[PDB]
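Comments concern the structure below.
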Amino acid sequence: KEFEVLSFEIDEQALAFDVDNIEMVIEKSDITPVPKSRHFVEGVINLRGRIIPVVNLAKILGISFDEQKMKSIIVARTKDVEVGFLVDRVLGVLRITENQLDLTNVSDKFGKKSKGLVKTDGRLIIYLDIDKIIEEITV
Amino acid sequence: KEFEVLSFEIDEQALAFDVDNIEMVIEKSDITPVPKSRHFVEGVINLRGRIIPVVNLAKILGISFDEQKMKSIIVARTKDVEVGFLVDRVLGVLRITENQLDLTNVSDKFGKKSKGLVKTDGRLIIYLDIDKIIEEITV
Amino acid sequence: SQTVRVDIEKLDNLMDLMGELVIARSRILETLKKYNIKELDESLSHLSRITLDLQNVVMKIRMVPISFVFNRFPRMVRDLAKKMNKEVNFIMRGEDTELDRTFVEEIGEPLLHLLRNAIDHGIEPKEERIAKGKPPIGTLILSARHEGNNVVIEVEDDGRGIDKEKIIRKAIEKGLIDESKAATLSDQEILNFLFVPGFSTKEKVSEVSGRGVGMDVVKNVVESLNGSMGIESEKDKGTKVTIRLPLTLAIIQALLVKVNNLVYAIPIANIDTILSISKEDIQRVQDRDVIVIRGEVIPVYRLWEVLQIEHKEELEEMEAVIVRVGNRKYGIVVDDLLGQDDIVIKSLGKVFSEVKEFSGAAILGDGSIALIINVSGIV
Amino acid sequence: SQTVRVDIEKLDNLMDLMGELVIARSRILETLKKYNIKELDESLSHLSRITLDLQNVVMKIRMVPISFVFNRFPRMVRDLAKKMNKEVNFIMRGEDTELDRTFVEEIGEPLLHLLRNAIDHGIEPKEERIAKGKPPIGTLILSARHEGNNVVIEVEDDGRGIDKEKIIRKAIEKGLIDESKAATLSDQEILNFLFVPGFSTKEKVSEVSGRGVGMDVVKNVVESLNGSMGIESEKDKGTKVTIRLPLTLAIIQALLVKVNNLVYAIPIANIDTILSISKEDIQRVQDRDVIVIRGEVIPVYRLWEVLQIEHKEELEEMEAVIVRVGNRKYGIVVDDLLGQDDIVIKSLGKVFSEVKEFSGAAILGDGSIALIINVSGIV
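Protein chains in written order, with the authors' numbering: chain F, 9 to 147; chain D, 9 to 147; chain C, 293 to 671; chain E, 293 to 671.
Structural data, given as structure tokens:
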């Protein structure tokens, strides 16, 4: 299968999840505070007439990050919920080949909510599982 | 019977019809010309969301007028139609009594369209009937 | 399950208030033209979009599916067929096809007559079909659909068909056509004399007063609702009648022109070209003004002359619109060209009944009044 | 004029367009107070006039009479009267009382099980009716009306009444309440045990008439739709049931209050009064504070505390909002009081469902998000 994913970075590390679960992408501006909210969330924004929660991806994966550097909110779309992810730069749509996709889950510490790792001669594009990431926020 | 009528003049001649059959009163501003119009009509205006014809009363009755002096449109109201009547100055609302009302209209041009003649305070106020006046203008 | 019951008059009132929002949209555009602010340009761009989406939904819910009128026919048609002593299959398709409130109410009785005449003349009794070696059960098909930004309603039988030789010869006998014009006219064109009075006898059509619904009436009603109607027939192949009606009266495409700075709308569908002509060219032969265009001779008319209104004295290079009517086309000279739009036709008024040049007034988007020219009203 | 059909999907899209039009009204209003333009006020005011007319037309087609939905229900009561060999008169006064279509659908089979248990339970046979000298045919009544931000459904009978004296004794068997508490209670709180799930689960699998008295099934639905239900009963005076539900979908009349300049809306429907209190009058007897206002003692809560927002500095005269909950009412002390307006609830989604304190955001006229306090969620 030829998978189409959205490529984007955090802290000099490439990441990506499918285009199937994308609403659009925007640049950060003031995020409305919600009182007594979970620590891995920034707040809420109004996007296309809907109230989208703005999650901080790196606090879900447990990876190192620098908060000021981030400025791109990637709005996702699942059947359960629609959620924005604050990150660094974005590339766009990257067609990946099944031949170059490794499925090992013990390679790095966030490998269980990662669907795999795309091998390449540039920065290694890690394939996430949107599903298991939304499954984390609702517990 | 105590009928309350709308009093107004044309070339110093007094006239009046009931308040029961009134929509409003306005000053003539840009009446749209309709090509091939009969001699007694000025044209049409949009009032209260409806397209109202502006007739020139004195050219229906058969009496004198000045068309730069006349500048008041009295908009009427029957079950059938709403039509504006272009005339001179207006006085206002007058309660009339049967005791000062005469039915002699033997010598009048519009005397079979007149309900009577009101002999109030030295004036000769002729009482009109909107219905029979509107039946003449229709084609 | 749930669904809404509402009067048509209430959605007609919701359409009316929608047309007030168009004027208010035009008043915010006036403020935008004076004050030129990107915020308000954006706010008006969103309001323009919402008004366009909203006017589509109101118009859509107001349109009536023709199914109520359609399912009035099968029981009426069967009783007629039985009394007429014949057997037909009725095939009815496109049942919930949507058209205007005015059109669904007007068309029902003329289409009942069209169907009634199709079984009476067209569909043979069984014994006649058995004599022609043909299948004894007739087939009558009524089919409605959307095409061309309009509504199409097809009616056809497998019946006798119409003698085209009888229609053409009767047109000569009643003095309605010349012998060489008759001999050059095509089959599809000859069957239009069916829609001219006196080519059928049924249901009170010779009457001076209180006349019935003839086949002439059916063609005239379709045309009166601004549509078009066609016929084609052949021996033992039955007769086929095609009716094309607009969707609604709220989308009548026009070219708005001005004379004396007064808006006059011109029906786009009829047109043929728009041309700026010179004052040197125009000439008179032995009648009213003509212009030689493509080596052909076109009878040019001055809008302000045919409408009897005071206008400019002096010659200039004038803009003309060539409009088509019947098999011909005349020129209409106008002063300035405003701009096209799909308008809403309203009544001219009951003090103006005698005027033949205008079919209907209309309220434009800026609240301006504009009358709509009748293409066959000027000669 | 004529009744036509509009389906709910078409009305759902029309509702969204009405929502996009209200946003455009607010975005021109933002632009207007930004640039301070006198002429743009007039332009907008006319738009706002037509929009008010359109809004109330759209609300009329959104709402439905209850007896349009409940149309088969008097026939069902006749058939159940016939089955049990009882004479009863059913009175239904619901034709002028309009309710939302999502609310009416969820509460209909609930209400049917209430009436179906009532015809068995409280409606008398003729022998037992005339044994008590009561009018010879039973009286069971459905009716409704409109009150403020709500629509009130009312059910009443002249039947047996409910055995309240036995219900407290049964409640002690089931372990529902204490006996000294049962002696404290007033009659309408005894009947409130018929609105406890699991107090009676008795049903018929033959009839399929609803569990219990057909009332804890209704109460769950009424609470789910954010309403409020009451009951009263007396032996051989019959029973009466009161049901309050929201006037329209999504719209919530509110009082906007602020903590550290953050907008938090307070539901005006639930309220009881607004007062400026001193901190020198706030006292305590148990674990939490109170204030004696109007002679009554009200359990005060600090908005900023239950939401965990830091309080920088303290001023003596505090603004308080008194809100009603259940049969009672608590005080909400606020930092600033902005100003009322009627807002529209927006979900925060699956990640924020857990929080009792707030069940919904809302979009203000400056484009700002503001959350709505849940009155029964705090306490």
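Built from N, CA and C at the ideal position, the CB exists for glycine as well.
- Below 8 Å, enough C-beta pairs join the region 409–422 of chain C and the region 370–388 of chain C to call them touching: three or more.
- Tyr622/E has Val615/E as its beta-bridge partners, per DSSP.
- The beta carbon of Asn113/F sits closer than 6 Å to those of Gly119 and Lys120, all from its chain and outside the five residues before and after it, given in chain order.
- DSSP places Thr295/E in the uninterrupted beta strand (DSSP E) bounded by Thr295 to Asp299.
- Against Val83/F, chain E offers no close residue; the least beta-carbon distance is about 13 Å (beta-carbon pairs closer than 8 Å).
- Beta-bridge partners of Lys638/C (DSSP): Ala653/C.
- The Cβ of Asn107/D sits no closer than 8 Å to any Cβ of chain C.
- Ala436/C places its beta carbon 8 Å or farther from that of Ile411/C.
- Taken through DSSP and simplified to helix, strand or coil, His47/F comes out as coil.
- Taking C-alpha positions only, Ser520/C is separated from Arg452/C by approximately 25 Å.
- Taking C-beta atoms as the reference points, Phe48/D and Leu136/D fail to come closer than 8 Å.
- When the five nearest sequence neighbours on each side are left out, the beta carbons in the same chain lying within less than 8 Å of the beta carbon of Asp96/F are those of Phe16, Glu17, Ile18, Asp19, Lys77, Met78, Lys79 and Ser80, in order along the chain.
- Closest option to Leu629/E, judged by alpha-carbon separation, among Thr323/E, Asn552/E, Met310/E and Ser335/E: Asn552/E.
- The beta carbon of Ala542/E sits no closer than 8 Å to any beta carbon of chain C.
- Taking a contact to require three or more Cβ pairs closer than 8 Å, the region 498–515 of chain C and the region 612–624 of chain C do not qualify as touching.
- For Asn54/D, the nearest beta carbon of chain C is closer than 8 Å to its own beta carbon.
- In this structure, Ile68/F sits near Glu144/F, with a CB-CB distance shorter than 8 Å.
- Scanning its chain for C-beta atoms nearer than 6 Å, with the 5 sequence neighbours on each side dropped, one finds around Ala66/D the residues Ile18 and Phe73, in chain order.
- Classified as exposed, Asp528/C has fewer than 16 neighbouring CB atoms from the shown chains inside 10 Å of its CB.
- For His338/E, the uninterrupted alpha helix (DSSP H) segment begins and ends at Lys330 to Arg354.
- When DSSP states are grouped into helix, strand and coil, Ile544/E belongs to the strand group.
- Using a Cβ distance threshold of 8 Å, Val555/C and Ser660/C count as a contacting pair.
- Within chain C, no residue has its CB atom less than 7 Å from the CB of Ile39/D, the nearest being about 10 Å off.
- DSSP links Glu588/C through a beta bridge to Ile585/C.
- Rounded to whole angstroms, the separation of the alpha carbons of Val667/C and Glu649/C is 8 Å.
- It is roughly 5 Å from the alpha-carbon of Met32/D to the alpha-carbon of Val83/D.
- Contact annotation: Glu35/F and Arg58/F have beta-carbon atoms that are not nearer than 8 Å.
- Under the three-state reduction of DSSP, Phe16/D is assigned to strand.
- Taking a C-beta cut-off of 8 Å against chain F, the contacting residues of the region 594–618 of chain E are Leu599, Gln600 and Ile601, listed in chain order.
- A contact between stretches requires three or more CB pairs, one per stretch, nearer than 8 Å, and the region 441–449 of chain C meets this requirement with the region 528–542 of chain C.
- Each of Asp627/C, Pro428/C and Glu646/C was checked against the Cα of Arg594/C, and the nearest Cα belongs to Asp627/C.
- Legend: CB atoms of the region 380–399 of chain C lying less than 7 Å from CB atoms of chain E are not found in any residue.
- The shortest C-alpha to C-alpha distance from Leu607/C to any of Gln600/C, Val396/C, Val625/C and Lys494/C is the one to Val625/C.
- Listed along chain E is no residue with a C-beta nearer than 9 Å to that of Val62/F; the closest approach is about 11 Å.
- Counting only runs of 3+ residues, the beta strand (DSSP E) found wholly inside the region 493–549 of chain C occupies 520–525 and 531–538, in chain order.
- Separation of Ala612/E and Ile637/E (C-alpha to C-alpha, rounded to the nearest whole angstrom) is 23 Å.
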